[PDB]
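We begin with a single chain expressed as structure tokens, specifically the form deposited in one PDB entry.
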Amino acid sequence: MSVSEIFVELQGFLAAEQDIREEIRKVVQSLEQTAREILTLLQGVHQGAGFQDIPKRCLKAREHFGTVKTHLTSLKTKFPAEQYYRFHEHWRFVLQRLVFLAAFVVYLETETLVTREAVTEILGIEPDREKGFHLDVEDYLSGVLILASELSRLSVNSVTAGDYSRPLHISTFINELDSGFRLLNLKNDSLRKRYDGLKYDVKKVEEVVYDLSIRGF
């Protein structure tokens, strides 16, 4: 093969590569839209007396995760599996949001922390040992941090709604998360930054617990 041919072929691969980014971009936008709609179905838990609106809200959110599943399926049909971390940054943001939403729906129903692989099943993505689209560890942890912030906010609204028990559950849960994030050696600049914001969330939850205790819980 000659120099001119070789570079023409290179011109080919680069053009294909760029077409992949485009298909990816279209799928991600659709994913962000669906993620916004799911957040809207859940944000409602913050308003009103009591929390009767849960599991109705969780049901609707889960049904909507159906669209996330097909789009993630479609997203996988856009690039070579081993190219994951090459294009990964295109959906970093929406994947972390999806983790948060999945974790929020699971915490609202069971008050537990969804497992990294359980998130995988909800998103229709592949487990960390099934070759395909995977759920990175830093994206999982980022989602959990967003959860924490959501939960700190929920404990305040819970009292406004007349629920003086939930805040004590959230408090315990958030202290545990903080415990774990400290037993971890996060070397990802983004994660450290995010983790740095957990203190504010832990501070907000202590004030509520305190206000409750003082008045007899």
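Rigid core: the largest C-alpha set superposing within 1.5 Å between the two forms. In this text, residue numbers run from 1 along the sequence as written.
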| property | result |
| --- | --- |
| Missing coords for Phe51 in a third or more of other PDB entries | yes |
| Mean C-alpha B-factor comparison - 164 to 172 and 187 to 195, higher one | 187 to 195 |
| Mean Cα B-factor comparison, 152 to 160 or 44 to 52, giving the higher one as deposited | 44 to 52 |
| Largest Cα B-factor, entry values, listed residues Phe100, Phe93, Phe79, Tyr107 | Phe79 |
| B-factor third for the C-alpha atom of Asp178 within its chain | highest |
| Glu126, C-alpha B-factor rank within chain (lowest, middle or highest third) | highest |
| Within-chain third of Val119 by Cα B-factor, per the entry | middle |
| Position of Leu75 among the chain's modelled residues by C-alpha B-factor, lowest, middle or highest third | highest |
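The same protein also exists as the form deposited in another entry; that form is not shown, yet it is the one meant from here on.
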{"query": "Only residue that shifts (Cα, 2 Å or more, rigid core superposed) between the shown form and the other one, among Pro55, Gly44, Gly50, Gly180", "finding": "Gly50"}
{"query": "Per-residue C-alpha change between the shown form and the other one, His88, threshold 2 Å, rigid core fit", "finding": "no"}
{"query": "Core-aligned C-alpha movement of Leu75 between the shown form and the other one reaching 2 Å", "finding": "yes"}
{"query": "Per-residue C-alpha change between the shown form and the other one, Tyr210, threshold 2 Å, rigid core fit", "finding": "no"}
{"query": "In the other form, shift in Cα separation for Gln43 relative to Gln52, 3 Å or more", "finding": "closer"}
{"query": "Pairwise C-alpha change, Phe51 versus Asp211, in the other form against this form - closer or farther, 3 angstroms or more", "finding": "farther"}
